[PDB]
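Peer 1: Submitted below is the structure of interest, expressed as structure tokens.
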Amino acid sequence: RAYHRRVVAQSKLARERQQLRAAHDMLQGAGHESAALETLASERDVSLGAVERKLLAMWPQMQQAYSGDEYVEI
Amino acid sequence: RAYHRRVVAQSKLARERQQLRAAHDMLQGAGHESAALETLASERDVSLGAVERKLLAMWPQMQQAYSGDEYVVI
């Protein structure tokens with residue numbers, strides 16, 4: 001149950017981190033910029049665990065692995 | 001294929017609309033605010049189709065329907 005409580009907590013943080021950085025790019029691409037968003041986003045990076053952060057980091061590389069015809073020595 | 005192209009387009013807009021309004025609440029709750037985010041969010045409301053907008057509006061009510069022991073609708 002403790003594991004699942006962490007799943008919810010980290011998931012919420014991963015979402016908020018993405019939501020901020022996404023919204024920041026949408027502003028910066030629309031001219032006016034609010035660097036205050038980045039401060040909150042960087043706060044999420046520390047909040048997100050080292051294990052959880054690696055999981056999201058390997059995800060794009062993970063998709064590239066299970067995309068080809070082979071799973072690449074062996 | 002045209003239908004699916006719209007699915008992608010509207011889905012992206014629904015996400016961006018949510019990402020902005022979510023990030024706006026996180027700033028407004030952290031003191032300093034940026035009403036510029038709302039301008040971009042309101043722009044998504046016009047971009048989102050009338051049919052697509054209704055779909056997301058009925059979703060919470062849809063969950064409440066399929067939650068009970070009975071389907072009140074006979």
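Identifiers in this document derive from the order of the structure tokens: chains are assigned A, B, ..., residues are numbered from 1 separately in each chain, and ligands are numbered from 1 in order of occurrence.
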Would you kindly report the residues of chain A within 7 Å of chain B, using only C-alpha atoms, as a PDB file with N, CA, C and O atoms, in the first residue's frame?

Peer 2:
ATOM      1  N   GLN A  19       3.172  19.523 -17.298  1.00  0.00           N
ATOM      2  CA  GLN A  19       2.180  20.567 -17.546  1.00  0.00           C
ATOM      3  C   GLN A  19       2.800  21.961 -17.522  1.00  0.00           C
ATOM      4  O   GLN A  19       2.449  22.820 -18.330  1.00  0.00           O
ATOM      5  N   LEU A  20       3.724  22.177 -16.590  1.00  0.00           N
ATOM      6  CA  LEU A  20       4.389  23.467 -16.460  1.00  0.00           C
ATOM      7  C   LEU A  20       5.300  23.748 -17.650  1.00  0.00           C
ATOM      8  O   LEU A  20       5.152  24.767 -18.326  1.00  0.00           O
ATOM      9  N   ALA A  23       3.377  24.356 -20.802  1.00  0.00           N
ATOM     10  CA  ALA A  23       2.729  25.662 -20.805  1.00  0.00           C
ATOM     11  C   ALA A  23       3.749  26.784 -20.967  1.00  0.00           C
ATOM     12  O   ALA A  23       3.441  27.838 -21.522  1.00  0.00           O
TER      13      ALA A  23
END

Peer 1: Which of chain B end up as helix (DSSP H, G or I) when DSSP is run on this backbone - answer as number ranges by chain?

Peer 2: B: 2-28, 36-47, 50-65

Peer 1: Give the answer as one residue: which of B:2, B:60, B:31, B:10 has the shortest atom-to-atom distance to residue 45 (chain B), using only C-alpha atoms?

Peer 2: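 Once distances to residue 45 (chain B) are computed over only C-alpha atoms, the minimum belongs to B:10.
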
Peer 1: So the first atom is CA of residue 46 (chain A) and the second is CA of residue 28 (chain B); what is the distance between them in Å, to one decimal place?

Peer 2: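 So the answer is 21.3 Å.
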
Peer 1: I'd like the contact shell of region 2-6 of chain A - 12 Å cut-off, only C-alpha atoms, skipping same-chain residues fewer than 4 positions apart - returned as a PyMOL selection string.

Peer 2: chain A and resi 10-14+47-49+51-52

Peer 1: Go through B:11, B:50, B:4, B:25 one by one, measure the shortest atom-to-atom distance of each to residue 37 (chain A) using only C-alpha atoms, and give the residue with the smallest value.

Peer 2: B:25

Peer 1: Between CA of residue 27 (chain A) and CA of residue 8 (chain B), what is the distance in Å, rounded to a tenth?

Peer 2: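 About the pair CA of residue 27 (chain A) and CA of residue 8 (chain B): they are 21.8 Å apart.
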